[PDB]
Amino acid sequence: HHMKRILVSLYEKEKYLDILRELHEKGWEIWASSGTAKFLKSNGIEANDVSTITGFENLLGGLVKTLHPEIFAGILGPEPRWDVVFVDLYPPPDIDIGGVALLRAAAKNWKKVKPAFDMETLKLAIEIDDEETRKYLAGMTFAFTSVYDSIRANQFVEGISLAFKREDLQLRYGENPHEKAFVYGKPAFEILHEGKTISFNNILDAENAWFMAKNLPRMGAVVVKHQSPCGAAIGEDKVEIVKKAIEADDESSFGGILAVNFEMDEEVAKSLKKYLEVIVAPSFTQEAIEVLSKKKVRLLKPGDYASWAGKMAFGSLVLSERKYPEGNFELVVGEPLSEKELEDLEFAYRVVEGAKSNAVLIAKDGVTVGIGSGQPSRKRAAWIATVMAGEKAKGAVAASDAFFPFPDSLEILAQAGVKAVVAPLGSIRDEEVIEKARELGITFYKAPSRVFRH
Amino acid sequence: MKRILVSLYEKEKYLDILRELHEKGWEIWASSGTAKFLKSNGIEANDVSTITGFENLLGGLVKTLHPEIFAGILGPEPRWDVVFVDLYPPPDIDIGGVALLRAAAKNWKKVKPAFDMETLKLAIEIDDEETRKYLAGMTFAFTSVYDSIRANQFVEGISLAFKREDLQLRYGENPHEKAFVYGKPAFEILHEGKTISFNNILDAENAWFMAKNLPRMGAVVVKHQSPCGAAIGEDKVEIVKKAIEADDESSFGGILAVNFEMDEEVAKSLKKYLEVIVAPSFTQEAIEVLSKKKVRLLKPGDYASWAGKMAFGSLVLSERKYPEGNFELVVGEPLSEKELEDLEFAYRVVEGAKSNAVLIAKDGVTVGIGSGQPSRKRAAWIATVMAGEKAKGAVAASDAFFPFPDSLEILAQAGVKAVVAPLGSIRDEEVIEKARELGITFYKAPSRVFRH
Ligand SMILES: [K+]
Ligand SMILES: [K+]
């Protein structure tokens, strides 16, 4: 035959047995291993042995039988033997030499041969013949082999390599309308609202909202705006928790992004009185999905994944683990808080971890009451927190995401009526800050590590 | 032992080291092209054609893809202790050489792969298991990046790949978090002692983006990855002073970027404690003065900036572009040539401010910045509080449209005379009419500049 010729090299025969039957039934002439040729022929499907077209060698029990000149010339020449080259590789930690080389050869000779390495690319390769799609298949193959080899590299030296293939989420633009977006790797979420439109900014808002909500020590809810929390609550009553988080900074929460750490149900969904742009939860009842999707809320259900701080800078991807620090708080000065109040303090540090730095936050009775974030100085963060809290600061507790560099931020908080603060230590003026705490009668707890989050 | 298989593109680059190996008693085998090159330079080499059936299919394209060669690499008793392959540069796509290299790496306990001078020099010396494992990882890291480059030749942006780079970072964003840097960064650090931190690098990136395309000589000071102060003008010493003093309390520990050469005079003028200074170049006298301080000196090269982050295990990126298009006067009296310069300066700086951001500037310097806010009204409020009396007669920029007239009213009440912002609110009509009512001049920006 001079057309519809396919060379196959398969590790998983039984996956692809129904497909190869169809192919041969649709006039495809199949070439394969001496072994696979037999299987198929036993399975009633006619197939040709590539061994017949190259010299025979018995080196290393068959390890190099693909690595022959006639096979590669049959792919790389201007008049190739095969129109499609399909290779299904062993999974990690196996390292394949010949199969990978077959795929790359086919992609190299993309104007004459179509490579395929999975079900979707096989289907395209079988159907399509246009230049634009041939280039796409070639691109896809080298994208696949790049990722394949990154995985193998990391098997030898952990973290030596990073590699992704572009994913289509159908983003209309990036951060702003005049900017293009590129998403790399499949995201660990399901989109549950009708039509599934999602934006670049939605995804980054939802990441922070979700990290924080997952990071909450009990039933809780976080509202994000512009990638920083504007409100958060914890409690036992889901409808009330959500009401509290939303109303904490009521002016900002319109169009906000809500993440909860419990299943979103019909009662909670119907209780919403504020348009929210995105809702994120571990699960949604079907009834909740209907109510919310009908209200143009976008809905994300995350799976398990690791979060990372950092960005591209100077053409490098500069990444950091994102961790809420382990370690007990340590009373430094003042009367100890009651257990109830210490839980407010822990809650406050968990929320301030997610707040954009410099951040200072004030909370009481399981809800935030004033957040200052995104500030170039610690004193400014404290000031904004107190302004937003007003009289709600009286008797409240506060958290700072880094150490107080000077006593002034502490005076701002105490004058507002804050009774206790948590922060890391580490300043050259720690003694002076602690003495100011003592003077003002505010209780000071040392946090185990800083939680900058830019 | 001491057997090496060599396939070279950059022949002259490795001639000297190959001579050394042969003088040190290595037995050299080579691709036939490499084999004759070495011979014409007086180096004995064994042509691998010797151990395989001769063919010249497609004029030599497949000479390497022969079972005897791969069996000699992959078996438990290999023919070669080192496999050295240097690949053709882009846009060429290598099949046989990449396969040789990957085969050597696969059989890492028995064969040592190399692909450049660095890895060759290790492969020649070492035999320990840890170092053999490192050579294999390096090789697959290399072939991953090679193939990424090739993918993107076919479909732009379909692939992203990097090798890990050592920047000597002690930790990431906070001391209890690990840092990973991917790809060689387009900067040089000039400073003996303390290194640049994870946070310092991100601060410096925003400072530089903002300074680099100012409409004239300019300086930007950043704290916590957002501008705290900026200035443009005609006198380098004066520009830096103004930028530093604009929010003088916050500039302590700042990251200063200038779009001009850092010289002795400017260097001597700096009194404020700074973490980093970014400049396109530094004179030697400037480096001498500044080396008395702890401050890190960063000299950037050329590269593309990107917004975005990891989210849900995906890398989610956006272009970062200051938007092209002239501002359009919507209502009020047109500004003077000078004030319009102030207005563009203000929009360039608010592009780099964390959203929601509003800023006020006058006579080429920022006077108040409200940034990282959950609402636009709050941003405007902080900007005006910070500016105080300096907002009278000033200009303002907003990184996104005013959703209600209230934000515009806060600025007018402080004495701001003109604003630049995108339009696009359902209440654009009310916003514009409020600007008209208040006698504030409104220029429409071509596009939004959120920057979170
Ligand atoms: K934080
Ligand atoms: K901005």
# chains A, B, ... in the order shown; residues from 1 in each chain; ligands from 1

$ select_by_dssp --residues "region 156-243 of chain A" --states "alpha helix (DSSP H)" --output "JSON, numbers by chain"
{"A": [156, 200, 201, 202, 203, 204, 205, 206, 207, 208, 209, 210, 211, 212, 213, 214, 238, 239, 240, 241, 242, 243]}

$ interface_residues --of "chain B" --to "chain A" --cutoff "6 Å" --atoms "only C-alpha atoms" --output "VMD selection string"
chain B and resid 62 65 to 67 133 137 140 to 141 144 147 to 148 151 154 to 155 158 to 164 172 174 177 to 183 185 to 186 205 223 to 224 250 303 306 309 to 319 372 374 to 375 448

$ residues_around --residues "residue 213 (chain A)" --least-positions-apart "5" --cutoff "8 Å" --atoms "only C-alpha atoms" --output "count of residues only"
6

$ residues_around --residues "residue 127 (chain A)" --least-positions-apart "5" --cutoff "12 Å" --atoms "only C-alpha atoms" --output "PyMOL selection string"
chain A and resi 4+23+26+28+83-84+114+116+120-122+133-134

$ write_last_selection --atoms "C-alpha atoms" --output "tab-separated table (two decimals), in the first residue's frame"
chain	number	residue	atom	x	y	z
A	4	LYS	CA	-2.88	4.80	5.28
A	23	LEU	CA	-8.11	1.20	12.09
A	26	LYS	CA	-10.97	1.28	7.94
A	28	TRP	CA	-5.03	1.09	7.71
A	83	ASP	CA	2.10	8.05	7.32
A	84	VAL	CA	1.44	7.80	11.08
A	114	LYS	CA	2.23	12.41	11.66
A	116	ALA	CA	1.00	10.42	17.91
A	120	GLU	CA	-6.26	12.38	21.24
A	121	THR	CA	-3.19	12.87	19.06
A	122	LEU	CA	-3.79	9.44	17.43
A	133	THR	CA	-2.37	20.56	12.02
A	134	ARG	CA	0.73	18.60	11.06

$ residues_near_ligand --ligand "ligand 2" --cutoff "6 Å" --atoms "only C-alpha atoms and all ligand atoms" --output "list in words"
residues 350, 351, 352, 353, 354, 355, 357, 399, 449, 450 and 451 of chain B

$ write_last_selection --atoms "N, CA, C and O atoms" --output "short mmCIF file (atom, residue, chain, number, x, y, z; two decimals), in the first residue's frame"
data_model
loop_
_atom_site.label_atom_id
_atom_site.label_comp_id
_atom_site.auth_asym_id
_atom_site.auth_seq_id
_atom_site.Cartn_x
_atom_site.Cartn_y
_atom_site.Cartn_z
N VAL B 350 1.57 54.02 38.21
CA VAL B 350 0.40 53.31 38.76
C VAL B 350 0.24 51.91 38.10
O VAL B 350 -0.30 51.02 38.73
N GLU B 351 0.74 51.72 36.87
CA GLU B 351 0.82 50.41 36.23
C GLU B 351 1.54 49.39 37.15
O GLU B 351 1.06 48.27 37.30
N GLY B 352 2.63 49.83 37.79
CA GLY B 352 3.42 48.97 38.71
C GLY B 352 2.91 48.85 40.12
O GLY B 352 3.25 47.91 40.85
N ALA B 353 2.04 49.76 40.52
CA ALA B 353 1.42 49.68 41.85
C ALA B 353 0.42 48.52 41.98
O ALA B 353 -0.40 48.25 41.07
N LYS B 354 0.45 47.83 43.10
CA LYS B 354 -0.52 46.74 43.36
C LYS B 354 -1.98 47.22 43.48
O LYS B 354 -2.27 48.17 44.20
N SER B 355 -2.87 46.50 42.79
CA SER B 355 -4.26 46.89 42.64
C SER B 355 -5.09 46.60 43.89
O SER B 355 -4.70 45.70 44.67
N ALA B 357 -5.03 50.47 42.84
CA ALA B 357 -4.09 51.57 43.10
C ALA B 357 -4.54 52.92 42.52
O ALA B 357 -5.01 53.00 41.39
N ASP B 399 -5.39 52.86 38.28
CA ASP B 399 -5.06 51.68 37.45
C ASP B 399 -6.23 50.95 36.79
O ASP B 399 -6.05 50.16 35.84
N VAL B 449 -4.57 48.86 33.79
CA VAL B 449 -3.27 48.38 34.24
C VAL B 449 -3.29 47.77 35.65
O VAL B 449 -2.44 48.14 36.47
N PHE B 450 -4.20 46.82 35.91
CA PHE B 450 -4.12 46.01 37.12
C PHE B 450 -2.74 45.41 37.18
O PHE B 450 -2.19 45.04 36.14
N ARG B 451 -2.19 45.27 38.38
CA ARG B 451 -0.90 44.59 38.54
C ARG B 451 -0.82 44.11 39.96
O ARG B 451 -0.33 44.82 40.84
#

$ residues_around --residues "residue 264 (chain A)" --least-positions-apart "2" --cutoff "8 Å" --atoms "only C-alpha atoms" --output "VMD selection string"
chain A and resid 260 262 266 268 to 269 281 to 285 288

$ select_by_dssp --residues "region 36-252 of chain B" --states "strand (DSSP E or B)" --output "PyMOL selection string"
chain B and resi 46-47+82-85+112-114+159-165+179-182+187-190+218-223+226-232

$ residues_around --residues "residue 168 (chain B)" --least-positions-apart "4" --cutoff "9 Å" --atoms "only C-alpha atoms" --output "number ranges by chain"
B: 195-197

$ write_last_selection --atoms "N, CA, C and O atoms" --output "tab-separated table (two decimals), in the first residue's frame"
chain	number	residue	atom	x	y	z
B	195	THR	N	24.27	38.31	49.67
B	195	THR	CA	23.74	37.96	48.36
B	195	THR	C	22.33	38.57	48.19
B	195	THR	O	21.77	39.13	49.14
B	196	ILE	N	21.74	38.50	46.99
B	196	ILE	CA	20.39	39.00	46.84
B	196	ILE	C	19.38	37.90	47.24
B	196	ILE	O	19.54	36.73	46.90
B	197	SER	N	18.38	38.29	48.01
B	197	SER	CA	17.38	37.40	48.55
B	197	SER	C	16.30	37.16	47.51
B	197	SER	O	16.18	37.92	46.52

$ residues_around --residues "residue 408 (chain B)" --least-positions-apart "6" --cutoff "9 Å" --atoms "only C-alpha atoms" --output "list in words"
residues 377, 380, 402, 419, 431, 434, 435 and 440 of chain B

$ write_last_selection --atoms "N, CA and C atoms" --output "compact mmCIF listing (two decimals), in the first residue's frame"
# COMPACT_ATOMS: atom_id res chain seq x y z
N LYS B 377 -12.26 53.39 46.08
CA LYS B 377 -12.48 54.47 47.01
C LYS B 377 -11.39 54.49 48.07
N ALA B 380 -8.03 55.75 46.66
CA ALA B 380 -8.07 57.19 46.52
C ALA B 380 -7.92 57.89 47.86
N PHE B 402 -12.84 54.24 37.53
CA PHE B 402 -13.65 54.65 38.69
C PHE B 402 -15.06 54.04 38.60
N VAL B 419 -7.12 63.88 36.14
CA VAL B 419 -6.96 62.46 36.39
C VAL B 419 -6.86 61.72 35.07
N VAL B 431 -19.55 59.29 36.26
CA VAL B 431 -18.17 59.60 36.58
C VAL B 431 -17.76 60.83 35.79
N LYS B 434 -19.55 64.01 36.85
CA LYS B 434 -18.97 64.46 38.14
C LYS B 434 -17.66 65.21 37.91
N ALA B 435 -16.79 64.68 37.06
CA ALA B 435 -15.57 65.42 36.67
C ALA B 435 -15.88 66.80 36.09
N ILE B 440 -12.78 69.07 37.24
CA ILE B 440 -11.56 68.23 37.20
C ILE B 440 -11.43 67.72 35.75

$ closest_residue --among "A:410, A:443, A:419, A:350" --to "ligand 1" --atoms "only C-alpha atoms and all ligand atoms"
A:350
